[PDB]
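Asker: Contents of target.tsv (TSV, C-alpha atoms):
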```tsv
chain	number	residue	atom	x	y	z
P	46	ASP	CA	26.89	45.74	43.27
P	47	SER	CA	27.51	43.18	46.04
P	48	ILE	CA	28.22	45.70	48.83
P	49	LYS	CA	25.19	44.36	50.71
P	50	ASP	CA	26.62	40.85	51.08
P	51	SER	CA	30.04	42.10	52.18
P	52	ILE	CA	28.35	43.94	55.05
P	53	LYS	CA	26.42	40.79	55.93
P	54	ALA	CA	29.62	38.69	55.90
P	55	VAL	CA	31.71	40.63	58.44
P	56	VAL	CA	31.36	38.95	61.81
P	57	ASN	CA	32.34	39.72	65.37
P	58	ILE	CA	34.82	37.45	67.15
P	59	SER	CA	34.94	37.31	70.96
P	60	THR	CA	36.03	35.09	73.87
P	97	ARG	CA	35.48	40.09	75.76
P	98	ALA	CA	35.40	41.33	72.14
P	99	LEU	CA	38.48	40.22	70.22
P	100	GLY	CA	37.91	41.76	66.77
P	101	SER	CA	36.33	41.08	63.38
P	102	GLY	CA	36.47	38.39	60.74
P	103	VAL	CA	35.22	37.70	57.25
P	104	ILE	CA	33.20	34.66	56.17
P	105	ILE	CA	34.91	33.37	53.05
P	106	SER	CA	32.89	30.20	52.40
P	107	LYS	CA	29.15	29.48	52.53
P	108	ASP	CA	30.42	26.38	54.39
P	109	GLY	CA	31.48	28.06	57.64
P	110	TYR	CA	35.07	29.24	57.18
P	111	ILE	CA	36.11	32.66	58.50
P	112	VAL	CA	39.42	34.49	58.06
P	113	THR	CA	40.74	37.03	60.60
P	114	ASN	CA	44.04	38.29	61.95
P	115	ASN	CA	46.11	35.77	63.86
P	116	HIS	CA	46.60	38.36	66.60
P	117	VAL	CA	42.83	38.67	67.04
P	118	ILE	CA	42.39	35.02	68.10
P	119	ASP	CA	45.90	34.48	69.50
P	120	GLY	CA	45.52	32.90	72.93
P	121	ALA	CA	41.73	32.53	73.03
P	122	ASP	CA	40.06	29.24	73.90
P	123	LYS	CA	36.35	29.95	73.92
P	124	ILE	CA	35.93	31.58	70.50
P	125	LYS	CA	32.46	32.85	69.64
P	126	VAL	CA	31.20	34.28	66.35
P	127	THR	CA	28.31	36.73	65.98
P	128	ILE	CA	26.87	37.19	62.47
P	129	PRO	CA	25.25	40.56	61.59
P	130	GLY	CA	21.49	40.73	61.94
P	131	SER	CA	21.23	38.05	64.63
P	132	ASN	CA	22.08	38.01	68.33
P	133	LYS	CA	22.95	34.29	68.32
P	134	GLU	CA	26.53	33.19	69.04
P	135	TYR	CA	28.30	30.34	67.27
P	136	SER	CA	31.06	28.31	68.82
P	137	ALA	CA	34.02	28.45	66.44
P	138	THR	CA	36.91	26.03	66.02
P	139	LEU	CA	40.45	27.01	65.08
P	140	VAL	CA	41.24	25.64	61.62
P	141	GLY	CA	44.78	26.97	61.39
P	142	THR	CA	47.04	29.95	61.93
P	143	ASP	CA	49.65	31.78	59.86
P	144	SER	CA	51.43	34.06	62.34
P	145	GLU	CA	54.01	35.14	59.74
P	146	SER	CA	51.21	36.79	57.74
P	147	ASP	CA	49.13	37.58	60.86
P	148	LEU	CA	46.21	35.53	59.58
P	149	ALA	CA	44.11	32.73	60.99
P	150	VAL	CA	41.06	30.76	59.94
P	151	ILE	CA	38.18	29.58	62.12
P	152	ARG	CA	34.99	27.68	61.30
P	153	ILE	CA	31.39	27.68	62.55
P	154	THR	CA	28.74	25.04	61.88
P	155	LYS	CA	26.12	26.91	59.88
P	156	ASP	CA	25.41	26.92	56.17
P	157	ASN	CA	23.70	29.45	53.88
P	158	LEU	CA	26.34	31.91	55.03
P	159	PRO	CA	26.84	35.21	53.22
P	160	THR	CA	30.40	35.45	51.89
P	161	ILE	CA	32.80	37.98	50.45
P	162	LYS	CA	34.58	37.01	47.24
P	163	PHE	CA	38.25	37.64	46.51
P	164	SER	CA	39.23	40.48	44.21
P	165	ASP	CA	42.67	40.48	42.61
P	166	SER	CA	44.72	42.71	44.91
P	167	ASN	CA	47.39	42.89	42.19
P	168	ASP	CA	44.89	44.97	40.19
P	169	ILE	CA	44.29	47.78	42.68
P	170	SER	CA	45.62	51.31	42.21
P	171	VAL	CA	46.46	54.22	44.51
P	172	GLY	CA	43.35	56.37	44.62
P	173	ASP	CA	40.76	53.58	44.37
P	174	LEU	CA	37.66	53.88	46.52
P	175	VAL	CA	37.55	51.37	49.38
P	176	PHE	CA	35.48	50.57	52.44
P	177	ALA	CA	36.84	49.17	55.72
P	178	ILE	CA	34.15	46.99	57.34
P	179	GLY	CA	34.41	45.79	60.94
P	180	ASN	CA	32.11	44.35	63.61
P	181	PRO	CA	33.74	45.50	66.84
P	182	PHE	CA	31.02	44.25	69.16
P	183	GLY	CA	28.09	42.02	68.50
P	184	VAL	CA	25.74	44.63	67.10
P	185	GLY	CA	26.16	46.95	64.19
P	186	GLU	CA	29.16	47.30	61.98
P	187	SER	CA	31.56	50.13	61.34
P	188	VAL	CA	32.02	51.07	57.69
P	189	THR	CA	34.74	53.60	56.90
P	190	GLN	CA	34.88	54.95	53.38
P	191	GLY	CA	38.35	55.77	52.09
P	192	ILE	CA	40.93	55.39	49.33
P	193	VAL	CA	44.02	53.29	48.72
P	194	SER	CA	46.94	55.57	49.58
P	195	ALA	CA	49.83	53.17	48.93
P	196	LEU	CA	50.24	49.69	47.55
P	197	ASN	CA	53.01	48.55	49.86
P	198	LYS	CA	54.10	49.60	53.35
P	199	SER	CA	56.06	47.50	55.81
P	200	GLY	CA	57.73	47.91	59.21
P	201	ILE	CA	54.40	48.42	61.00
P	202	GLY	CA	53.03	44.88	61.38
P	203	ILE	CA	53.74	42.35	64.10
P	204	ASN	CA	55.93	40.96	61.31
P	205	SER	CA	58.12	43.95	60.41
P	206	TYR	CA	58.66	42.37	56.97
P	207	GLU	CA	54.99	41.90	56.03
P	208	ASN	CA	53.76	44.17	53.25
P	209	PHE	CA	50.42	45.91	53.53
P	210	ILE	CA	48.10	47.99	51.44
P	211	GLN	CA	47.82	51.43	53.04
P	212	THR	CA	44.54	53.36	53.09
P	213	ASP	CA	43.27	56.56	54.68
P	214	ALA	CA	40.52	54.59	56.48
P	215	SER	CA	41.60	54.17	60.11
P	216	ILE	CA	41.80	50.56	61.33
P	217	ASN	CA	41.28	50.21	65.06
P	218	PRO	CA	41.51	46.99	67.12
P	219	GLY	CA	37.74	46.68	66.63
P	220	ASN	CA	37.65	46.43	62.84
P	221	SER	CA	40.95	44.47	62.87
P	222	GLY	CA	40.54	41.26	60.88
P	223	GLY	CA	37.55	42.71	59.01
P	224	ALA	CA	37.17	43.38	55.32
P	225	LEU	CA	38.78	45.90	52.96
P	226	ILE	CA	36.57	45.85	49.88
P	227	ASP	CA	36.73	47.75	46.60
P	228	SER	CA	33.88	49.81	45.12
P	229	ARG	CA	32.39	46.70	43.49
P	230	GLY	CA	32.26	44.98	46.88
P	231	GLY	CA	34.98	42.38	46.31
P	232	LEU	CA	37.71	41.70	48.88
P	233	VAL	CA	41.06	43.42	48.27
P	234	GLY	CA	42.47	43.03	51.79
P	235	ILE	CA	41.96	42.02	55.42
P	236	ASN	CA	42.16	45.03	57.77
P	237	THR	CA	45.01	44.81	60.25
P	238	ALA	CA	45.40	47.09	63.23
P	239	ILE	CA	48.93	48.29	63.98
P	240	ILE	CA	50.03	47.45	67.52
P	248	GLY	CA	43.74	58.61	59.71
P	249	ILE	CA	45.83	55.67	58.43
P	250	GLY	CA	44.89	52.03	57.88
P	251	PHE	CA	46.59	48.88	56.60
P	252	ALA	CA	45.27	45.70	54.98
P	253	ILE	CA	46.90	42.40	54.03
P	254	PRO	CA	46.48	42.11	50.23
P	255	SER	CA	43.68	39.75	49.23
P	256	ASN	CA	45.88	37.62	46.94
P	257	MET	CA	48.11	36.69	49.91
P	258	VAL	CA	45.08	36.16	52.12
P	259	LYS	CA	43.63	33.70	49.61
P	260	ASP	CA	46.92	31.76	49.58
P	261	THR	CA	46.84	31.34	53.35
P	262	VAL	CA	43.14	30.50	53.53
P	263	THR	CA	43.27	27.68	50.93
P	264	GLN	CA	46.33	26.22	52.69
P	265	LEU	CA	44.69	26.41	56.12
P	266	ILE	CA	41.31	25.07	54.98
P	267	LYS	CA	42.74	22.13	53.02
P	268	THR	CA	45.75	21.16	55.16
P	269	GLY	CA	45.46	23.06	58.46
P	270	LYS	CA	49.07	24.16	57.91
P	271	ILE	CA	51.06	26.75	56.03
P	272	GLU	CA	53.85	25.46	53.80
P	273	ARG	CA	55.43	28.28	51.81
P	274	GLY	CA	58.75	28.74	50.09
P	275	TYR	CA	60.68	31.28	52.16
P	276	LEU	CA	63.10	33.70	50.50
P	277	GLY	CA	64.21	36.08	53.24
P	278	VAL	CA	63.95	39.69	52.09
P	279	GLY	CA	62.21	42.94	53.02
P	280	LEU	CA	60.84	44.83	50.02
P	281	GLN	CA	59.85	48.42	49.28
P	282	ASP	CA	58.17	49.72	46.13
P	283	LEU	CA	60.17	52.15	43.96
P	284	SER	CA	56.99	54.12	43.33
P	285	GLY	CA	58.03	56.97	45.61
P	286	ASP	CA	58.61	58.43	42.13
P	287	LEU	CA	61.81	60.02	43.38
P	288	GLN	CA	63.93	56.89	43.25
P	289	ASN	CA	61.94	56.02	40.18
P	290	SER	CA	63.78	59.00	38.70
P	291	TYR	CA	66.98	57.33	40.00
P	292	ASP	CA	66.86	54.10	38.01
P	293	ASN	CA	63.38	53.36	36.45
P	294	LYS	CA	62.38	49.99	35.41
P	295	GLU	CA	60.23	49.46	38.45
P	296	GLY	CA	60.41	46.23	40.50
P	297	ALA	CA	61.10	45.71	44.25
P	298	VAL	CA	63.98	47.05	46.36
P	299	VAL	CA	65.40	44.91	49.15
P	300	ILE	CA	65.43	47.03	52.32
P	301	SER	CA	66.48	44.11	54.53
P	302	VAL	CA	68.10	40.71	54.05
P	303	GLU	CA	66.79	38.25	56.58
P	304	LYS	CA	69.97	36.28	57.46
P	305	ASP	CA	70.16	32.46	57.21
P	306	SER	CA	68.02	32.99	54.15
P	307	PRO	CA	68.21	31.76	50.56
P	308	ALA	CA	68.63	35.47	49.93
P	309	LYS	CA	71.60	36.15	52.20
P	310	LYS	CA	73.74	33.28	50.98
P	311	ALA	CA	72.82	34.02	47.38
P	312	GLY	CA	74.54	37.32	48.13
P	313	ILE	CA	71.82	39.88	47.52
P	314	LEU	CA	72.33	43.26	49.15
P	315	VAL	CA	70.18	45.93	50.70
P	316	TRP	CA	69.35	48.43	47.88
P	317	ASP	CA	69.38	45.78	45.12
P	318	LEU	CA	66.44	46.16	42.75
P	319	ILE	CA	64.66	42.94	41.81
P	320	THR	CA	63.21	43.75	38.38
P	321	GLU	CA	62.19	40.35	37.00
P	322	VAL	CA	61.09	36.99	38.40
P	323	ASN	CA	61.76	33.80	36.40
P	324	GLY	CA	61.35	35.71	33.16
P	325	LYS	CA	58.35	37.83	34.20
P	326	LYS	CA	58.71	41.55	34.83
P	327	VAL	CA	57.74	42.51	38.38
P	328	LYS	CA	55.47	45.52	38.58
P	329	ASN	CA	56.07	45.92	42.32
P	330	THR	CA	56.54	44.16	45.66
P	331	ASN	CA	53.00	42.71	45.85
P	332	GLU	CA	53.42	41.03	42.47
P	333	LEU	CA	56.66	39.42	43.64
P	334	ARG	CA	55.48	38.13	47.02
P	335	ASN	CA	52.43	36.63	45.30
P	336	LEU	CA	54.68	34.97	42.71
P	337	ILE	CA	56.94	33.52	45.44
P	338	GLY	CA	53.88	32.83	47.58
P	339	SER	CA	52.26	30.45	45.13
P	340	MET	CA	55.61	28.69	44.74
P	341	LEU	CA	56.66	25.60	46.65
P	342	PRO	CA	59.59	25.09	49.06
P	343	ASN	CA	63.06	24.31	47.69
P	344	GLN	CA	62.18	25.43	44.16
P	345	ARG	CA	64.63	27.32	41.98
P	346	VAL	CA	64.06	30.95	41.04
P	347	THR	CA	66.11	33.26	38.79
P	348	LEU	CA	65.95	37.05	39.26
P	349	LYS	CA	67.47	39.99	37.42
P	350	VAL	CA	68.74	42.66	39.84
P	351	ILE	CA	69.96	46.22	39.28
P	352	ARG	CA	72.77	47.32	41.59
P	353	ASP	CA	74.77	50.48	41.02
P	354	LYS	CA	72.86	50.00	37.75
P	355	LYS	CA	74.96	46.83	37.28
P	356	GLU	CA	72.58	44.17	36.02
P	357	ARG	CA	73.28	40.89	37.76
P	358	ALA	CA	72.12	37.27	37.77
P	359	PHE	CA	70.60	35.70	40.86
P	360	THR	CA	69.31	32.12	40.87
P	361	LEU	CA	68.55	30.60	44.24
P	362	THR	CA	66.64	27.85	46.05
P	363	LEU	CA	63.82	28.82	48.41
P	364	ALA	CA	63.67	27.29	51.87
P	365	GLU	CA	60.65	26.60	54.03
P	373	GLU	CA	61.07	15.51	60.51
P	374	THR	CA	61.05	14.19	56.92
P	375	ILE	CA	57.55	15.42	56.41
P	376	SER	CA	54.60	16.00	54.11
P	377	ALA	CA	53.59	18.52	51.44
P	378	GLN	CA	50.01	19.05	50.21
P	379	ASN	CA	48.62	20.78	47.11
P	380	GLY	CA	47.70	23.46	47.05
P	381	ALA	CA	46.98	26.59	44.98
P	384	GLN	CA	46.34	20.56	38.48
P	385	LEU	CA	47.41	18.15	41.24
P	386	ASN	CA	45.28	19.58	44.06
P	387	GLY	CA	44.63	17.04	46.80
P	388	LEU	CA	47.88	15.11	46.37
P	389	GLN	CA	49.97	14.77	49.51
P	390	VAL	CA	53.48	13.34	49.30
P	391	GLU	CA	56.45	12.74	51.54
P	392	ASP	CA	59.92	11.26	51.48
P	393	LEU	CA	60.55	7.52	51.72
P	394	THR	CA	62.63	7.54	54.88
P	395	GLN	CA	64.66	4.52	55.88
P	396	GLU	CA	62.11	3.75	58.59
P	397	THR	CA	59.12	4.29	56.30
P	398	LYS	CA	60.74	1.95	53.79
P	399	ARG	CA	61.17	-0.83	56.30
P	400	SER	CA	57.87	-0.31	58.14
P	401	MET	CA	56.41	-0.62	54.63
P	402	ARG	CA	58.92	-3.43	54.08
P	403	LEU	CA	60.40	-2.55	50.71
P	404	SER	CA	62.62	-3.47	48.53
P	405	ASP	CA	64.78	-3.27	46.37
P	406	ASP	CA	65.42	-0.46	45.57
P	407	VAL	CA	62.26	1.52	45.04
P	408	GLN	CA	63.18	5.18	45.24
P	409	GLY	CA	60.58	7.90	44.97
P	410	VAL	CA	58.14	9.91	47.05
P	411	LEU	CA	55.28	8.31	48.94
P	412	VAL	CA	51.76	9.45	48.10
P	413	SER	CA	50.75	9.73	51.76
P	414	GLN	CA	47.24	11.06	51.16
P	415	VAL	CA	44.92	11.79	48.23
P	416	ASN	CA	42.03	14.12	49.07
P	417	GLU	CA	38.80	12.40	48.12
P	418	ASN	CA	37.28	13.57	44.83
P	419	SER	CA	40.25	15.90	44.22
P	420	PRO	CA	41.95	16.61	40.86
P	421	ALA	CA	44.76	14.40	42.16
P	422	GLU	CA	42.25	11.59	42.70
P	423	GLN	CA	40.54	12.19	39.35
P	424	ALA	CA	44.00	11.87	37.80
P	425	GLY	CA	44.38	8.43	39.38
P	426	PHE	CA	46.84	8.96	42.21
P	427	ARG	CA	46.17	6.73	45.20
P	428	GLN	CA	47.44	6.67	48.78
P	429	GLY	CA	50.40	4.35	49.13
P	430	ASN	CA	51.55	4.86	45.54
P	431	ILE	CA	55.17	5.80	44.98
P	432	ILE	CA	56.06	8.44	42.39
P	433	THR	CA	59.45	7.59	40.89
P	434	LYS	CA	59.85	9.70	37.72
P	435	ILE	CA	58.42	12.93	36.33
P	436	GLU	CA	59.74	13.37	32.77
P	437	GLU	CA	63.56	13.18	33.07
P	438	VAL	CA	64.05	13.71	36.83
P	439	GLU	CA	64.38	10.62	38.97
P	440	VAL	CA	62.07	11.58	41.82
P	441	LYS	CA	64.01	10.58	44.94
P	442	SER	CA	62.70	13.17	47.43
P	443	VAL	CA	60.06	15.84	47.91
P	444	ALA	CA	62.87	18.14	46.73
P	445	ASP	CA	63.33	16.34	43.40
P	446	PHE	CA	59.54	16.28	43.16
P	447	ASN	CA	59.22	20.03	43.79
P	448	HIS	CA	61.98	20.61	41.25
P	449	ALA	CA	60.09	18.69	38.56
P	450	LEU	CA	56.92	20.67	39.13
P	451	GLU	CA	58.96	23.84	38.65
P	452	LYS	CA	60.91	22.54	35.66
P	453	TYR	CA	57.69	21.63	33.82
P	454	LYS	CA	55.19	24.09	35.31
P	455	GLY	CA	52.30	24.51	32.90
P	456	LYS	CA	53.69	21.75	30.64
P	457	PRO	CA	52.61	18.10	30.25
P	458	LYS	CA	54.20	15.74	32.73
P	459	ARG	CA	54.50	11.95	32.51
P	460	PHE	CA	54.34	10.55	36.06
P	461	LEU	CA	55.72	7.04	36.55
P	462	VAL	CA	53.82	5.68	39.55
P	463	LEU	CA	54.41	2.38	41.32
P	464	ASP	CA	51.29	0.87	42.85
P	465	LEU	CA	52.66	-1.79	45.20
P	466	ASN	CA	49.76	-4.18	44.57
P	467	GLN	CA	49.00	-3.34	40.94
P	468	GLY	CA	52.30	-2.58	39.20
P	469	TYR	CA	53.61	0.52	37.52
P	470	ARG	CA	51.09	3.02	36.13
P	471	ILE	CA	51.60	6.04	33.86
P	472	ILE	CA	49.76	9.22	34.82
P	473	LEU	CA	49.86	12.19	32.47
P	474	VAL	CA	48.96	15.51	34.08
P	475	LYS	CA	48.10	18.71	32.15
```
Could you quickly redo this structure as structure tokens?
Answerer:
Amino acid sequence: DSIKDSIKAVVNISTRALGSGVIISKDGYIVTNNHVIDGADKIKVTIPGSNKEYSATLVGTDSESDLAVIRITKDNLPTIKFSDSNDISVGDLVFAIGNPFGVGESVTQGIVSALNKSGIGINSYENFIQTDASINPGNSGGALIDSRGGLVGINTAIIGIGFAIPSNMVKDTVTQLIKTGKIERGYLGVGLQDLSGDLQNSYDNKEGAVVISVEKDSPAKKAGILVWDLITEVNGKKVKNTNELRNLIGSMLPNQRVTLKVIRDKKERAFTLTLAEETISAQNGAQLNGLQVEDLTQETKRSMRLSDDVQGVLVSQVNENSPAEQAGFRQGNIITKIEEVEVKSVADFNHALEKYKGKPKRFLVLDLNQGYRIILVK
């Protein structure tokens, strides 16, 4: 129904014309490819229907996913909403919307031809939705929308075939950039192909994600996974395909444990490992949104002049009016325990969130002026 607004929300980006972008908040936030804005200083946004240009500011970049977020100062913006890219199927009707110059958009009707292709992006490991709607440098960074008009991907030109970054990954990056200006994602280190060629699926058939590359110096390599291993389950959840996995790992935090079942020579095998990612922050995030924590370094401890020993993670920032703040966390607090784990580092902290994900957590919090405080979260 909302096809009209999606057309209204695809903007032109220029310095000459750089490419397209998609307004994803009435506020002023716009997502595009990182390669579209890479290197530009003067960045100007043109909204359909009007000739006026808006000076845009760079909110953040995510080169690894070839995404970036900019912002203009206007409200009452049309927006595209995020569809669940995990719920798209080969054969679905799609439209590729771009705004290559400042006037008039290109809309290319097509279908989803494949759920997962890699080896074509600036990042040879990035997985894309493949369509039969051609994506030129003009509509790069514009919108791939389903028949209902919701966003299932961000068009990405390769540098009658087109590729989009799945909307569920795009939404991960955009929240992170908008809230923190940075990406902070658990890194695993593997290239993944879908079995769904239907010919290997005749080879082994329980349908997860095959590693076509192991990234070296990666939680994957040392854990000893091998090219042609089939990851079939992620921390107890069956993995339909590559996009489901990367979205599972993507919403996960650095140095968290993860246990996968793999098929190799049909040999089932166990594979538990710790993701990877200057003793530095960590913000939430995709519960405890708005909480920022960091390690109590030796220097932080003495510049704060403690004592005694207090061991925990520093609450370095609490976003105003955030679920973290509603819960009662305050900047300068120290989190020392979460259920049974002595929180001594952001690592212990990230462990505890994983150990008790979705379960009630008793936070022991030291307020240096007030005393200890108990905070129960979900």
Asker: Using all atoms listed in the file, which protein or nucleic acid residues come within 12 Å of residue 360 (chain P)? Drop anything in the same chain fewer than 3 positions from it, and give the result as an NGL selection string.
Answerer: :P and (276 or 307-308 or 310-313 or 319 or 321-324 or 344-350 or 357 or 363)
Asker: Out of P:298, P:149, P:336, P:412, which residue has the shortest atom-to-atom distance to residue 111 (chain P) when counting only C-alpha atoms?
Answerer: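 Checking each of P:298, P:149, P:336, P:412 against residue 111 (chain P), counting only C-alpha atoms, the winner is P:149.
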Asker: Of the candidates P:409, P:429, P:200, P:222, which one gets nearest to residue 460 (chain P) if we count all atoms listed in the file?
Answerer: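 Selected residue with least distance to residue 460 (chain P): P:409.
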Asker: Please provide as an NGL selection string all residues within 9 Å of residue 232 (chain P), with the sequence filter that same-chain residues fewer than 4 positions apart are discarded (counting only C-alpha atoms).
Answerer: :P and (51 or 161-166 or 224-227 or 254-255)
Asker: Pick the closest to residue 129 (chain P) from P:148, P:100, P:153, P:183: which is it, counting all atoms listed in the file?
Answerer: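 Nearest to residue 129 (chain P): P:183.
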Asker: Between CA of residue 259 (chain P) and CA of residue 155 (chain P), what is the spacing in Å?
Answerer: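 Distance reported for this atom pair: 21.4 Å.
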Asker: Can you measure CA of residue 52 (chain P) to CA of residue 219 (chain P) for me? One decimal in Å is fine.
Answerer: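 Going from CA of residue 52 (chain P) over to CA of residue 219 (chain P) covers 15.2 Å.
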Asker: At a cut-off of 9 Å around the point (63.8, 6.0, 48.5) (file coordinates), what residues fall inside when counting only C-alpha atoms? I'd like the answer as a PDB file with C-alpha atoms, in the coordinates of the input.
Answerer:
```pdb
ATOM      1  CA  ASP P 392      59.920  11.260  51.480  1.00  0.00           C
ATOM      2  CA  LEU P 393      60.550   7.520  51.720  1.00  0.00           C
ATOM      3  CA  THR P 394      62.630   7.540  54.880  1.00  0.00           C
ATOM      4  CA  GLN P 395      64.660   4.520  55.880  1.00  0.00           C
ATOM      5  CA  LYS P 398      60.740   1.950  53.790  1.00  0.00           C
ATOM      6  CA  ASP P 406      65.420  -0.460  45.570  1.00  0.00           C
ATOM      7  CA  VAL P 407      62.260   1.520  45.040  1.00  0.00           C
ATOM      8  CA  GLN P 408      63.180   5.180  45.240  1.00  0.00           C
ATOM      9  CA  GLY P 409      60.580   7.900  44.970  1.00  0.00           C
ATOM     10  CA  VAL P 410      58.140   9.910  47.050  1.00  0.00           C
ATOM     11  CA  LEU P 411      55.280   8.310  48.940  1.00  0.00           C
ATOM     12  CA  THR P 433      59.450   7.590  40.890  1.00  0.00           C
ATOM     13  CA  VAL P 440      62.070  11.580  41.820  1.00  0.00           C
ATOM     14  CA  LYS P 441      64.010  10.580  44.940  1.00  0.00           C
ATOM     15  CA  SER P 442      62.700  13.170  47.430  1.00  0.00           C
TER      16      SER P 442
END
```
Asker: For residue 133 (chain P), list every protein, DNA or RNA residue within 12 Å, evaluated using all atoms listed in the file, and leave out those in the same chain fewer than 6 positions away; present the list as a VMD selection string.
Answerer: chain P and resid 56 to 57 125 to 127 155 183 to 184
Asker: Quick check, in Å to one decimal: how far apart do CA of residue 301 (chain P) and CA of residue 275 (chain P) lie?
Answerer: 14.3 Å
Asker: Counting all atoms listed in the file, what is within 12 Å of residue 140 (chain P), bar same-chain residues fewer than 5 positions away, as a ChimeraX atom specification?
Answerer: /P:109-113,115,118,124,148-153,261-271
Asker: So which residues touch residue 447 (chain P) within 7 Å, counting all atoms listed in the file, skipping near sequence neighbours fewer than 3 positions away, as a ChimeraX atom specification?
Answerer: /P:341,343-344,443-444,450-451
Asker: Pick the closest to residue 160 (chain P) from P:391, P:50, P:353, P:286: which is it, counting only C-alpha atoms?
Answerer: P:50
Asker: Closest to residue 376 (chain P) among P:413, P:435, P:430, P:404, using all atoms listed in the file?
Answerer: P:413
Asker: Box for region 309-312 of chain P - axis-aligned, 4 Å on each of the six sides, all listed atoms - centre and size in Å to one decimal, as AutoDock Vina command-line options.
Answerer:
```
--center_x 73.1 --center_y 35.3 --center_z 49.8 --size_x 10.9 --size_y 12.0 --size_z 12.8
```
Asker: Would you kindly place N, CA, C and O atoms on region 302-313 of chain P and return the model as a PDB file, in the frame of the given file?
Answerer:
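Now in part15.pdb:
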```
ATOM      1  N   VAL P 302      67.814  42.100  54.405  1.00  0.00           N
ATOM      2  CA  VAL P 302      68.100  40.710  54.050  1.00  0.00           C
ATOM      3  C   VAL P 302      68.119  39.901  55.327  1.00  0.00           C
ATOM      4  O   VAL P 302      68.866  40.224  56.259  1.00  0.00           O
ATOM      5  N   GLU P 303      67.317  38.832  55.350  1.00  0.00           N
ATOM      6  CA  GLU P 303      66.790  38.250  56.580  1.00  0.00           C
ATOM      7  C   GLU P 303      67.782  37.366  57.326  1.00  0.00           C
ATOM      8  O   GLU P 303      67.447  36.907  58.421  1.00  0.00           O
ATOM      9  N   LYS P 304      68.976  37.110  56.780  1.00  0.00           N
ATOM     10  CA  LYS P 304      69.970  36.280  57.460  1.00  0.00           C
ATOM     11  C   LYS P 304      69.520  34.822  57.434  1.00  0.00           C
ATOM     12  O   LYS P 304      68.317  34.545  57.498  1.00  0.00           O
ATOM     13  N   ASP P 305      70.472  33.884  57.354  1.00  0.00           N
ATOM     14  CA  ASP P 305      70.160  32.460  57.210  1.00  0.00           C
ATOM     15  C   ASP P 305      69.056  32.272  56.182  1.00  0.00           C
ATOM     16  O   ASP P 305      68.117  31.503  56.408  1.00  0.00           O
ATOM     17  N   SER P 306      69.124  33.005  55.087  1.00  0.00           N
ATOM     18  CA  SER P 306      68.020  32.990  54.150  1.00  0.00           C
ATOM     19  C   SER P 306      68.561  32.676  52.782  1.00  0.00           C
ATOM     20  O   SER P 306      69.703  33.034  52.451  1.00  0.00           O
ATOM     21  N   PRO P 307      67.782  31.989  51.943  1.00  0.00           N
ATOM     22  CA  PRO P 307      68.210  31.760  50.560  1.00  0.00           C
ATOM     23  C   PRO P 307      68.651  33.038  49.889  1.00  0.00           C
ATOM     24  O   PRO P 307      69.387  33.015  48.900  1.00  0.00           O
ATOM     25  N   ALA P 308      68.205  34.171  50.423  1.00  0.00           N
ATOM     26  CA  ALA P 308      68.630  35.470  49.930  1.00  0.00           C
ATOM     27  C   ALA P 308      70.044  35.795  50.368  1.00  0.00           C
ATOM     28  O   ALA P 308      70.906  36.093  49.531  1.00  0.00           O
ATOM     29  N   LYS P 309      70.299  35.740  51.677  1.00  0.00           N
ATOM     30  CA  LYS P 309      71.600  36.150  52.200  1.00  0.00           C
ATOM     31  C   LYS P 309      72.724  35.397  51.516  1.00  0.00           C
ATOM     32  O   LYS P 309      73.627  35.999  50.925  1.00  0.00           O
ATOM     33  N   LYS P 310      72.676  34.073  51.570  1.00  0.00           N
ATOM     34  CA  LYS P 310      73.740  33.280  50.980  1.00  0.00           C
ATOM     35  C   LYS P 310      73.860  33.515  49.484  1.00  0.00           C
ATOM     36  O   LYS P 310      74.972  33.580  48.945  1.00  0.00           O
ATOM     37  N   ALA P 311      72.731  33.672  48.795  1.00  0.00           N
ATOM     38  CA  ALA P 311      72.820  34.020  47.380  1.00  0.00           C
ATOM     39  C   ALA P 311      73.497  35.362  47.159  1.00  0.00           C
ATOM     40  O   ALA P 311      73.785  35.716  46.007  1.00  0.00           O
ATOM     41  N   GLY P 312      73.744  36.117  48.227  1.00  0.00           N
ATOM     42  CA  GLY P 312      74.540  37.320  48.130  1.00  0.00           C
ATOM     43  C   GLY P 312      73.812  38.541  47.639  1.00  0.00           C
ATOM     44  O   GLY P 312      74.437  39.420  47.042  1.00  0.00           O
ATOM     45  N   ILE P 313      72.505  38.640  47.868  1.00  0.00           N
ATOM     46  CA  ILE P 313      71.820  39.880  47.520  1.00  0.00           C
ATOM     47  C   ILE P 313      72.026  40.880  48.652  1.00  0.00           C
ATOM     48  O   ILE P 313      72.294  40.515  49.802  1.00  0.00           O
TER      49      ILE P 313
END
```
